[PDB]
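Reading through the structure tokens given below for one structure.
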Amino acid sequence: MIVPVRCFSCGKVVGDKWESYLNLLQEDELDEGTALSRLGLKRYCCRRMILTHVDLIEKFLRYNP
Amino acid sequence: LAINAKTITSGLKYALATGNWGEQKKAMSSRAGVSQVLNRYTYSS
Amino acid sequence: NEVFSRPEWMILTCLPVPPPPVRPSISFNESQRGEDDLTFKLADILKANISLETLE
Amino acid sequence: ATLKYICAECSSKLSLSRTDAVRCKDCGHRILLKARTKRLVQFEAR
Amino acid sequence: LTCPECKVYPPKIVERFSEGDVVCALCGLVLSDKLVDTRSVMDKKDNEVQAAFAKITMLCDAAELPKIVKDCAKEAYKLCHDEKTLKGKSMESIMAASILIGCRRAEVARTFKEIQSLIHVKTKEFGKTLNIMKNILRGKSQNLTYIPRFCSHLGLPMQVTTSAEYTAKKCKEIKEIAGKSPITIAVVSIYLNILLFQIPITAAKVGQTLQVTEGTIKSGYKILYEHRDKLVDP
Amino acid sequence: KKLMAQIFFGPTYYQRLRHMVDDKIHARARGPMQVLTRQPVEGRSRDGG
Amino acid sequence: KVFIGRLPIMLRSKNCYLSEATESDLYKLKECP
Amino acid sequence: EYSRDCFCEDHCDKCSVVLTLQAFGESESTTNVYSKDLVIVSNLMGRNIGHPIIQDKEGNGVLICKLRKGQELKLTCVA
RNA sequence: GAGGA
Ligand SMILES: [Zn+2]
Ligand SMILES: [Zn+2]
Ligand SMILES: [Zn+2]
Ligand SMILES: [Zn+2]
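Top to bottom, those sequences are chains A, B, C, D, E, F, G and H.
Okay, so the first sequence: first residue is 445 according to this note's numbering, each after it adds one.
Okay, so the second sequence: first residue is 232 according to this note's numbering, each after it adds one.
Okay, so the third sequence: first residue is 870 according to this note's numbering, each after it adds one.
Okay, so the fourth sequence: first residue is 676 according to this note's numbering, each after it adds one.
Okay, so the fifth sequence: first residue is 2 according to this note's numbering, each after it adds one.
Okay, so the sixth sequence: first residue is 15 according to this note's numbering, each after it adds one.
Okay, so the seventh sequence: first residue is 2 according to this note's numbering, each after it adds one.
Okay, so the eighth sequence: first residue is 117 according to this note's numbering, each after it adds one.
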């Protein structure tokens, strides 16, 4: 659901990069290759963690109660 | 006046709920195996 | 065989009634106890036999 | 407030004795939720 | 079943069903070793009983009644099923009596007229039969439920229905010709609520729907307008 | 130390199937028995043997 | 005119409440789009 | 101190730091809940301990949870 | 129904 913290293997914190990642995509139109590299996710153990996340918690947030 | 709706109602329901395509009196002679329980284990499933 | 199997024994006249343990009574609800299938069959045999005695 | 049940549909509050089992009095619903406890449940961070 | 060792007259024992034993929770001795788990037409005078059963069942179908009401009526019929105090009574009067028995016992509101529309009982022999049957069952051993049925039959919302509920609740304490066959009181409370509202269900439709008097409603409404004082919740 | 052989290495999609073991582990040490045959009951959920 | 029986309805069949509803409603119905 | 060394009944200020968290969806839009919303309660005794690390340039740390409107989250933690 | 293997 929500971003995981701490790339599973690598351990690096990634739970904060999510917002900025989305921002780069929308406002900067950036390409997610370069987007990731901008956030510093060098090794793919973390790049995977971000790039492939799926943010279901959005669709959870739409049930009224 | 005096039409047994319960006939159709219950007949349809029972048949669906068990899947014995036949009659509620038909236990085994009724064809079965239709109407399973919608495996919802994983969206793709 | 003479002692154990004489052909007339191949047709029943008296009938043995297996005791409850062969046909135990499941109490699958707690006020009433669904009787064993055989017991129904026995009730049926007994009913019919009663009826035949009556009709005779 | 302290709570005893929640209407499922109206998502408000409610209280009931062994009386009725239904009727979110406003919506008159028929399904109620059991109004999460207050035991300050403990959790293990792992 | 007692502990030979501990020997307390009310034996504090436990059943360790998972082990299938029974233990003297005091001394620990096991008492019983293997615990059997169990968890998973004319020759019988039930000929008339089953005829009643079948007619009762088809009637229950027609009424769309709950299986609990069906069972209650079947049980009531089985409870009487024969008596001099019954003495015949057409075997349909008793059906209708036991049906109303089942509905009342399972808290289902049913009109004698609805039951008679189900079954030709002439309604007077039905009255006598239900009286005698009630008395028999009393030997053998709460009018609010009617409101929402008619609210539905007229297509009325739930806040309207609860307004009617509170009105009928005050009806008992508002003698000043409160009830005297309070079906009229229920219907006039409904009329009060609709007139409080702006619903085009004017008396004609409600009367022809519920088979009620077009005049007893206004007869009640006469005292109802005076009674209006004790009916404003919000 | 380095390994003498290099390693194939990369991400790959893996799906966790059901039936964790905690639903298979099962052990009976004289528990309850049936009615008909007085043999041990069946099914681990029912403490079977 | 005359009542008879009662038919089960396939979900989102033309006769189902959901058959045409939109997303936001679906959410309000607590029913996953 | 390691908790298994502090004799206090499971925690104290020599072996633990108590954090706490309250969030409420006051807004109409989604209310994010960031690590930075954590607040120390226990006394640090002047030990540079327990401020959630904020490498984020925007200043709010890890994204803990999201809140819609009425959803309220309120808990306390022990470090 | 389920069903793993
Ligand atoms: Zn990593
Ligand atoms: Zn409600
Ligand atoms: Zn003992
Ligand atoms: Zn301590």
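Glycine included, each C-beta is placed from N, C-alpha and C at the ideal position.
Any chain A beta carbon closer than 9 Å to residue i
i: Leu179(H); result: yes
i: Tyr28(G); result: yes
i: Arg120(H); result: no
i: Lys2(G); result: no
Rounded straight-line distance, which links the Cα of residue j to that of residue i
i: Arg271(B); j: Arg32(F); result: 13 Å
i: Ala107(E); j: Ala63(E); result: 18 Å
i: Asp230(E); j: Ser164(E); result: 14 Å
i: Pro887(C); j: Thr86(E); result: 45 Å
i: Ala98(E); j: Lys256(B); result: 31 Å
i: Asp499(A); j: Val458(A); result: 14 Å
i: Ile100(E); j: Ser920(C); result: 35 Å
i: residue 14(F); j: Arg58(F); result: No information on residue 14(F) is available, as it lies outside the stretch 15 to 63 that chain F covers here.
i: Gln187(H); j: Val265(B); result: 43 Å
i: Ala169(E); j: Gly180(E); result: 10 Å
i: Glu117(H); j: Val157(H); result: 18 Å
i: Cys4(E); j: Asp37(F); result: 37 Å
i: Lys219(E); j: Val109(E); result: 28 Å
i: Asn194(E); j: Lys88(E); result: 46 Å
i: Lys176(E); j: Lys679(D); result: 36 Å
i: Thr240(B); j: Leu8(G); result: 7 Å
i: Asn870(C); j: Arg52(F); result: 36 Å
Listed by chain order, chain A residues near residue i by CB distance under 7 Å
i: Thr136(H); result: Correct list: empty, because the minimum Cβ distance to chain A is about 19 Å.
Contacts that residue i makes with chain F (C-beta to C-beta distance below 7 Å)
i: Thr39(E); result: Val49
i: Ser190(E); result: The contacting residues do not exist; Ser190(E) stays about 54 Å from chain F at best.
i: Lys35(E); result: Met47, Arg52
Within-9 Å CB hit, residue i to chain B
i: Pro34(G); result: no
i: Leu19(G); result: no
i: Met43(E); result: no
i: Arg7(G); result: yes
i: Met134(E); result: no
Min CB distance residue i to chain E below 9 Å
i: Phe897(C); result: yes
i: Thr238(B); result: yes
i: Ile914(C); result: no
i: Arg58(F); result: no
Status (buried if at least 16 other CB within 10 Å, exposed otherwise) for residue i
i: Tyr226(E); result: exposed
i: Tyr28(F); result: exposed
i: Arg163(H); result: exposed
i: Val31(E); result: exposed
i: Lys75(E); result: buried
i: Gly484(A); result: exposed
Chain-ordered neighbours of residue i on chain C, where CB pairs are closer than 8 Å
i: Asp47(E); result: Here the premise fails: no neighbours, minimum Cβ distance about 13 Å.
Neighbouring residues, chain G, relative to residue i (Cβ below 8 Å)
i: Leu269(B); result: Per Cβ cutoff of 8 Å: no residues; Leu269(B) is ~10 Å from chain G at best.
Residue i: contacting residues in chain E (beta-carbon distance under 8 Å)
i: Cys702(D); result: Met159
Amino acids of chain B, ordered along the chain, whose beta-carbon sits closer than 9 Å to that of residue i
i: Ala64(E); result: Per Cβ cutoff of 9 Å: no residues; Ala64(E) is ~10 Å from chain B at best.
i: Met59(E); result: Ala233, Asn235, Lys237
Top-ranked residue by Cα proximity to residue i, from the options
i: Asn467(A); options: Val498(A), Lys456(A), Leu480(A); result: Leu480(A)
i: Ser261(B); options: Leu269(B), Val268(B), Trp252(B), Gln267(B); result: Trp252(B)
i: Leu715(D); options: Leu191(H), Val178(H), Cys128(H), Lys130(H); result: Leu191(H)
i: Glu84(E); options: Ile137(E), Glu115(E), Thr203(E); result: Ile137(E)
i: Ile501(A); options: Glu174(H), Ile180(H), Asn159(H); result: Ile180(H)
i: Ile446(A); options: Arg506(A), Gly477(A), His497(A); result: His497(A)
i: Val9(E); options: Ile184(E), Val189(E), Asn132(E), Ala26(E); result: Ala26(E)
i: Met161(H); options: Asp126(H), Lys130(H), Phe123(H); result: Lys130(H)
i: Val134(H); options: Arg120(H), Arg184(H), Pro168(H); result: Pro168(H)
i: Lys461(A); options: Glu125(H), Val194(H), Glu144(H), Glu174(H); result: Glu174(H)
i: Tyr488(A); options: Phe23(F), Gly62(F), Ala19(F), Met18(F); result: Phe23(F)
i: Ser94(E); options: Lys71(E), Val122(E), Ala77(E), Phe113(E); result: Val122(E)
is_contact[residue i, chain H] using C-beta, thresh 9 Å
i: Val447(A); result: yes
i: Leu505(A); result: yes
Neighbouring residues, chain E, relative to residue i (Cβ below 9 Å)
i: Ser900(C); result: The contacting residues do not exist; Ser900(C) stays about 13 Å from chain E at best.
i: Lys910(C); result: Ordered by position in chain E, no residue passes the 9 Å Cβ test against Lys910(C), which lies about 17 Å from the chain.
Beta-carbon neighbours of residue i, restricted to chain F and to distances below 9 Å
i: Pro893(C); result: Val49, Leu50
Residue i at chain G interface by Cβ criterion, 9 Å
i: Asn467(A); result: no
i: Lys244(B); result: yes
Contact with chain D by residue i, beta-carbon distance below 9 Å
i: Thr162(E); result: yes
Cross-chain neighbours of residue i in chain E, by beta carbon under 7 Å
i: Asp61(F); result: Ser19
Under 9 Å by beta carbon: chain H residues contacting residue i
i: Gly459(A); result: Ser151, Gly177, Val178, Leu179, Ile180
Residues that residue i contacts on chain H, provided the C-beta gap is smaller than 8 Å
i: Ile501(A); result: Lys182
Contact list for residue i against chain A, beta-carbon separation under 8 Å
i: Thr146(H); result: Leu505
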